[PDB]
Amino acid sequence: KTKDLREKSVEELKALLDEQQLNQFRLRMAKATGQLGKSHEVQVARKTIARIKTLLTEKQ
Amino acid sequence: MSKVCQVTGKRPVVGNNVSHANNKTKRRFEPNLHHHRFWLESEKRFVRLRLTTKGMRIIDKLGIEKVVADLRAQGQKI
Amino acid sequence: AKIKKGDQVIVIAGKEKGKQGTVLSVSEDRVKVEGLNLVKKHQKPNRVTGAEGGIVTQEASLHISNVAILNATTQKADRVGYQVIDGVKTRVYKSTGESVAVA
Amino acid sequence: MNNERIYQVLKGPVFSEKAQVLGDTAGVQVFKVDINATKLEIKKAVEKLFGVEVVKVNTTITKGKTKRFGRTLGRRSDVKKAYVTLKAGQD
Amino acid sequence: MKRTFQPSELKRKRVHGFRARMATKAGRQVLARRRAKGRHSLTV
RNA sequence: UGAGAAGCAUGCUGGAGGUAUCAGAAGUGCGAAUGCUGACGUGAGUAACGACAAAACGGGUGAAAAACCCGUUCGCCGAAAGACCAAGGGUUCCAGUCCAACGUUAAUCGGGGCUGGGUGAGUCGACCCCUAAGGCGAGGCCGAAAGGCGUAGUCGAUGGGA
RNA sequence: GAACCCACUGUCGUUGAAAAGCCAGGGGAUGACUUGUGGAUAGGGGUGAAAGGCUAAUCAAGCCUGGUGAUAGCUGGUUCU
RNA sequence: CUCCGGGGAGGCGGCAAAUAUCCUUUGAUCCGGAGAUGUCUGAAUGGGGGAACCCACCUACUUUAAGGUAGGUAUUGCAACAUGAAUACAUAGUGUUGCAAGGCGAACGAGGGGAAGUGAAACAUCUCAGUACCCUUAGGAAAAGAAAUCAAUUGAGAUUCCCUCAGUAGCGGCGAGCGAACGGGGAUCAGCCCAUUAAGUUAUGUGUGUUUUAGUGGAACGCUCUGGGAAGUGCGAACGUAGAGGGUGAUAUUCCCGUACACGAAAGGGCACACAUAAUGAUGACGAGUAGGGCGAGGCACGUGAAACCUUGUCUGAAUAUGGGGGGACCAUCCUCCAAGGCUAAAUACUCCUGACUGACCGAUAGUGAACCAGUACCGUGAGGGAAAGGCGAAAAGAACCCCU
Ligand SMILES: NCCC[C@H](N)CC(=O)NCCC[C@H](N)CC(=O)NCCC[C@H](N)CC(=O)N[C@@H]1[C@H](O)[C@@H](OC(N)=O)[C@@H](CO)O[C@H]1NC1=N[C@@H]2C(=O)NC[C@@H](O)[C@H]2N1
C-alpha cells in the first residue's frame with residue numbers, strides 16, 4: 001500500500017501515523033485479552049507504521 | 001619533563017663500565033645540564049633555559065636572540 | 001530442465017518405475033506425485049484435537065531426478081529445454097521441439 | 001508526554017487470582033507495563049485510553065526466571081506490573 | 001575454620017573490575033589478551 | 001602351505017569398497033619407560049550410612065508406608081536447637097502435578113523434574129546533600145619511553161543531614 | 001567469674017564429622033583488649049613485641065605466562081623375521 | 001522499511017516436526033546495487049561511576065501543570081578575535097569560534113631500552129645475543145639512495161636483493177667460538193633540486209579503457225539379466241571446443257545440478273592513462289661550535305691490539321678551493337672524492353582478510369584446544385589454565401492396535 005501512501009501530504013501522513021499507532025495499541029490489547037483471532041492484523045499495523053515513517057523521512 | 005638540553009638536544013646515553021678484569025656493566029653518561037637566566041632585551045625580560053655548557057658556548061657565539069628565535073622556530077615556548 | 005506443480009510426469013527410477021501421475025508439490029529436489037510412492041503411517045491419537053489415530057496411507061516424496069516429464073503425444077519420457085518463442089521463454093520437449101502441454 | 005509514548009506505556013492486563021480478586025473487591029486494575037514506564041506515565045496512559053479517573057498507582061518489578069530447556073539454559077525478561085486504583089465506582 | 005575466600009562484591013569490583021582494568025596500561029593489555037583469546041566474560 | 005616374519009582357500013557375520021605386478025615415499029611393526037587416554041577387574045557384597053535429643057500406636061492415601069498426611073501419647077532445646085537485620089546467595093518462596101536421576105535406605109515426601117503464581121512506599125533502605133582514611137587529578141614539578149608525585153578540584157561510608 | 005578472644009594437659013579421631021577437630025579440664029577477660037566496614041604497604045620487595053614467622057590450604061625468596069623442547073658425563077625405555 | 005535491476009512459483013530464517021493465521025503470476029520468498037532507521041556500554045567526549053548506571057546545565061519550539069521535541073555543553077594542539085595582573089607600555093593569564101588528534105587491530109618496517117638458562121665438558125674475558133621481553137611510532141611496503149665511495153694495468157661508477165668469492169683473509173682466556181671484503185654472475189634500473197625554486201607525490205573534477213558486484217541459454221540412451229533399488233551384466237546407439245566435479249535407493253558423458261562455449265548490467269566500487277585546478281616537495285640559497293684533537297665509552301668479522309675508519313658523554317677547536325677528506329699506525333709521492341642542505345620509483349619483507357585452484361597432508365586418542373551451541377563446561381581472588389562429546393534408515397515409512405506391568 002506504499003503506492004497509495006505516497007499520494008498523500010506530510011500532514012495527512014502524520015494523522016495516519018497517529019491513527020495507526022492507536023489501532024496497534026487496540027490490537028495489542030485485544031490480543032492480550034484473547035479476543036483476536038488474526039495476528040496478521042498486528043503484523044500489518046507494524047509494517048504500515050514503518051512504511052509511513054519511511055515515507056515521511058523521504059518527503060521531508 | 002626530561003634531562004634534555006633545549007639548545008643542542010643532548011640527553012643521557014648508555015654505555016659500559018669496563019673493569020681491569022674486563023667485566024662490563026651498563027651505565028649512562030649524563031649531560032652537563034643546568035638552569036640559566038638570560039636577559040632578552042627585545043622582550044625586556046629574563047628567560048630561564050635548561051641547557052648544557054656547550055649550549056652556553058653556542059649562545060656565546062651566536063647571540064641570545066638568534067638562539068631564542070631558532071628554538072621558537074623549532075616550536076618551543078621561550 | 002524444469003518440472004512444476006501441475007505437470008504430468010512418469011517415474012524413471014525406483015520401485016514406482018514405469019508408473020505415471022500428476023505431481024502435487026515440488027520442494028528442494030524432492031517431488032510428490034499423486035497416488036505414487038505410498039507409505040503407511042501409524043498415527044497415535046491426538047489428545048487435544050480428538051482425531052482417533054489409525055494406519056493411514058499417504059504419499060512420500062521422490063528425488064526429482066527420478067521423474068521425467070511425460071510427452072502427451074508419444075506417451076514417453078522426455079527432457080525439458082527452453083526456447084524464446086516470440087518474446088517469452090517457454091518449455092519445450094527435447095525430442096520433438098514442441099511446447100509443453102499446460103496442466 | 002506524547003501520544004507515541006502513551007500508546008506504548010501499557011502492554012496488557014494481568015490474569016491471575018490476585019488480580020481478579022482485586023478487581024472484584026477493591027476496584028483495582030492490574031496491568032503489564034513497559035519496564036521503563038513511570039507512575040505519572042501510567043496514570044496519563046490509563047486516563048487517556050480508558051476514560052477513567054486514577055487516584056494512585058503502585059508498581060513492582062519481578063525479575064525473570066532462569067530455566068534450562070533441553071540442553072541449553074535461558075532466561076526470561078523482567079516484568080513490571082502496575083496496580084492502578086480507580087476513583088469510586090469505575091470500569 | 002575461616003577459609004581464604006570471604007566474598008564482598010564492592011571489593012571484588014574495585015579490585016578486578018572493568019574500570020580498574022582500564023585505569024592502567026597493564027590492565028588494558030589484560031583486556032586485549034582476553035579479547036584475543038575470545039573469552040565470553042572479560043571481567044568479574 | 002613355507003625355514004620365519006607370513007601366505008592361500010573357505011563356512012558364518014557384514015553391507016561398499018578393494019586392488020595384482022614392478023617401481024617410488026614413509027607418522028612402518030610395542031610388554032615393560034612408578035609411560036598417556038578410555039573401559040573393566042581383585043579387595044567384597046567387606047568398611048561405612050556423618051553428633052548416643054527417642055521414639056510408640058490408630059486412621060488415610062498409595063503398586064508399595066519405620067521415614068508423607070491427620071490424630072493420641074513420649075522425649076529434646078529454650079541467652080538458642082526460638083525471633084530478627086546486614087553481608088553473601090538468587091527463585092531455594094506459594095499452589096498443582098510427577099518419582100527415572102539427585103536425597104548416603106524406601107519415599108506417595110523434598111531446597112529434585114514440569115507447569116502456573118508471588119515482592120504494591122512522600123515516612124523502611126538505597127538513590128540524593130556532606131565530608132574521613134584513601135584514590136584520581138586541569139595546569140605544574142620530575143623521569144630514556146612506559147611513567148612518579150602533586151595544586152585547584154573531583155570521588156570515596158564504616159560517620160552528619162525531613 | 002559468663003559472653004568474647006586464646007590453645008597448657010589427656011583420651012579419641014588419623015582411608016576423620018574435620019587437609020588441624022570433638023570432649024573433659026585450662027589462660028586472659030577495662031586493656032600493650034576484642035571486633036565489623038573501607039583503605040595503605042608487592043617479591044631480594046613488603047610486614048614482623050623476631051619463630052626465617054606471615055605475604056590466598058604454597059615461602060631460605062609467592063603465583064601466572066614467556067626465554068623453553070634450559071642443561072643433566074645420571075636413571076629408565078627403545079616395537080617384525 | 002523505500003527505490004532500481006535480476007528471476008518466475010512457490011513462501012512465512014535454523015535446532016525443529018506440527019499447528020494456525022496467512023502472503024504470492026496486480027509477480028511473493030530469494031539474489032545484486034543504492035538509500036532510510038539504527039536503544040544502552042565501550043577512545044566515550046556534559047559531571048560522576050562498581051561498563052551497559054546515577055545526576056545535570058543552556059538555547060528554540062510545544063504543553064499546563066510537575067512534561068515533550070531538536071540542537072549545544074570533554075581535553076589537548078594550532079589559528080583568528082576579544083579581554084586582560086604584579087607594572088607605566090607590555091607580557092603572563094582568561095574566554096569564544098573554527099579546524100585537527102586520541103582508541104582498536106595479524107605479520108612485515110623504523111627507532112628507545114635490553115637478560116639469563118646454556119657452551120666453554122668448572123668459571124670471571126668470551127658465548128648465548130642485540131636473541132627473548134618492555135616502550136614509541138609509520139606505510140602498503142618501510143629503510144637506504146645519487147660518492148668528502150671503491151680500486152690500484154689507472155679502472156669502476158647511486159641505493160636494495162640473490163648466487164659465488166669462502167668457512168678463505170682475519171678476530172679470539174689464539175680457548176670455546178666469531179667470521180669479512182675486493183672481484184665476478186644475476187634481479188631492477190633514474191635521477192632531480194636549495195628562495196623567479198626541479199623530478200616526484202597527494203586531493204578534487206572531467207574524459208577514455210579495463211575490471212568487479214546479480215544472471216541467461218547450454219549436446220547426446222534404449223532394450224535385457226540380477227536385484228529392495230541399476231548408474232552394475234549382456235546387446236546395440238548418440239554428443240563431444242562439453243569424458244572437471246557433485247548428486248540421484250550399488251559403480252552414469254547421454255536422469256538432475258553442472259562443464260566447454262556463447263551472451264548479459266538500472267546502479268555502485270577498484271585500477272590504468274590524459275587534461276584542469278589546487279596544495280605539497282620548499283624555512284631551504286654550497287652548509288663552524290662544524291672537520292680535527294685530549295679523556296671515557298659504543299660500532300665496525302676486528303676482544304687495544306701495529307688499530308686505520310664511523311657515533312659522541314665531557315673539555316676544546318681549524319682551513320675555508322694556491323682549500324679540504326680518504327687510500328687500515330705514520331711520512332713522502334701518486335690516485336681519487338667535495339662533509340658539515342634536501343627529495344626520489346623498481347627489484348626486497350609479510351598475511352588479519354577476499355576469489356579461484358592444488359596436495360604420494362589428517363580422517364574423530366588423528367587433524368586446530370575446538371567436525372558437536374568451545375575458549376564453552378569446569379578450576380582459580382586474579383593474571384591464567386582448560387576438556388570430553390561425529391554415524392538409524394534410500395525414504396520416518398520413528399512402530400496404529402492387543403497383552404503383562
Ligand atoms: N665507570 C668506569 C670506572 C673506571 C675506573 N676509574 C677504572 C679505570 O680507571 N680504568 C679501567 C680500565 C678500562 C679498560 N678498558 C680495561 C682493560 O682494558 N683491561 C685489560 C684486561 C686484559 C685481559 N682481559 C686481562 C688482563 O691481563 N688484565 C690485566 C690484569 O689482570 C689486571 O689486574 C687485575 N685485574 O687484577 C690489571 C693490573 O692491575 O692489568 C690488566 N691489563 C691491563 N690493564 C690496562 C688498561 O686498562 N689499559 C692499558 C693496558 O695497560 C691495559 N692492560
Side-chain angles (χ1 to χ4, degrees), chain A residues 1 13-54 56, chain C residues 47-49, chain D, chain E residues 9 41:
Chain A
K1 47 188 322 291
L13 281 183
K14 299 181 132 144
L16 258 160
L17 188 66
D18 213 84
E19 292 191 2
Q20 288 297 309
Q21 276 164 355
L22 174 54
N23 171 43
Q24 175 176 64
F25 162 81
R26 296 282 173 208
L27 286 179
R28 189 201 308 131
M29 217 60 27
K31 169 168 185 211
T33 299
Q35 311 159 345
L36 189 80
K38 316 151 100 62
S39 33
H40 71 101
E41 298 218 14
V42 317
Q43 303 177 12
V44 172
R46 181 190 186 81
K47 288 231 181 173
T48 334
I49 283 142
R51 293 206 240 265
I52 295 173
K53 284 202 189 222
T54 321
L56 274 183
Chain C
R47 286 275 50 102
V48 293
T49 82
Chain D
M1 174 103 252
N2 62 39
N3 275 334
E4 178 155 284
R5 182 57 174 152
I6 291 170
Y7 298 153
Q8 273 165 36
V9 165
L10 308 172
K11 289 174 120 82
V14 175
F15 292 127
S16 88
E17 169 163 310
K18 193 190 182 176
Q20 183 255 351
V21 169
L22 278 172
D24 283 346
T25 63
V28 181
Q29 309 300 294
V30 190
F31 284 102
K32 269 165 212 147
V33 300
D34 199 64
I35 197 50
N36 295 323
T38 81
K39 294 186 178 174
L40 192 61
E41 280 182 311
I42 295 161
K43 177 209 248 243
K44 269 193 234 292
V46 169
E47 294 190 314
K48 211 190 155 333
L49 310 159
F50 293 111
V52 296
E53 286 140 287
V54 171
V55 326
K56 76 171 169 194
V57 184
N58 299 52
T59 51
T60 195
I61 300 173
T62 294
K63 269 52 90 198
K65 275 165 181 178
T66 301
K67 300 227 150 173
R68 162 175 290 282
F69 317 73
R71 69 180 279 254
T72 198
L73 273 145
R75 180 185 200 271
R76 275 138 157 200
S77 288
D78 297 347
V79 172
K80 187 189 258 189
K81 273 187 324 205
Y83 288 110
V84 185
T85 299
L86 300 182
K87 197 214 271 203
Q90 281 167 76
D91 200 324
Chain E
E9 193 56 38
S41 99

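To find a chain, count down the sequence lines: A is the first, B the second, and so on, and within it residues start at 1. Below, each value reflects all heavy atoms present in this structure, side chains not excepted, and no hydrogens, waters or symmetry copies.
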Approximate separation, where rounding is to 0.5 Å, of A:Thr54 OG1 and A:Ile49 CD1: 11.5 Å
Contact summary for D:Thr66 and D:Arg75, nearest pair of heavy atoms: OG1-CG, 3.6 Å
Shortest non-hydrogen contact between A:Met29 and D:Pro13, atoms and distance: SD-CD, 4.0 Å
Electrostatic pair D:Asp34-D:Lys80, nearest N-O below 4.0 angstrom: no
Side-chain touch D:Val54/D:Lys39, heavy atoms, less than 4.5 angstrom: no
Shortest non-hydrogen separation from D:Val52 to D:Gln90 and the atoms involved: CA-OE1, 3.3 Å
Test log, rule side-chain hydrogen bond (donor to acceptor under 3.5 Å, both in side chains), inputs A:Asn23 and A:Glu19: CA-CA 6 Å; A:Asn23 171 43; A:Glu19 292 191 2; over 6 Å; no
From CD (D:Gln8) to CD (A:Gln21), nearest 0.5 Å: 7.0 Å
Approximate separation, where rounding is to 0.5 Å, of A:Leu36 CG and A:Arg26 CZ: 14.0 Å
D:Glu47 to D:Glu53 - nearest heavy-atom pair and separation: OE2-CA, 3.8 Å
Gap separating the CG atom of A:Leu13 from the CZ atom of A:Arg51, nearest 0.5 angstrom: 13.5 Å
Steps toward side chain to side chain contact (heavy atoms under 4.5 Å, CB included) verdict (D:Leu86, D:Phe50): CA-CA 11 Å; D:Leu86 300 182; D:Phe50 293 111; over 6 Å; no
Interatomic distance, D:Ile42 atom CD1 to D:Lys81 atom NZ [nearest 0.5 angstrom]: 13.0 Å
Evaluation steps, side chain to side chain contact (heavy atoms under 4.5 Å, CB included), between D:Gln29 and D:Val46: CA-CA 10 Å; D:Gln29 309 300 294; D:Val46 169; over 6 Å; no
Mutual orientation of the aromatic rings belonging to A:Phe25 and D:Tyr7 [parallel < 30°, tilted 30-60°, perpendicular > 60°]: parallel
Trace of the side chain to side chain contact (heavy atoms under 4.5 Å, CB included) decision for D:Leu22 with D:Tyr83: CA-CA 9 Å; D:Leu22 278 172; D:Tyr83 288 110; 3.6 Å; yes
Heavy-atom check, side chain of A:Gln24 versus side chain of A:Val42, under 4.5 Å: no
CD1-NZ distance between A:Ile52 and A:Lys47, expressed to the nearest 0.5 angstrom: 14.5 Å
Derivation of the side chain to side chain contact (heavy atoms under 4.5 Å, CB included) call for D:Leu49 and A:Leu22: CA-CA 9 Å; D:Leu49 310 159; A:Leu22 174 54; 4.3 Å; yes
Closest contact, heavy atoms only, D:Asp78 versus D:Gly64: OD1-N, 2.9 Å
Heavy-atom closest contact (D:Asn36 atom, D:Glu41 atom, distance): O-OE1, 4.0 Å
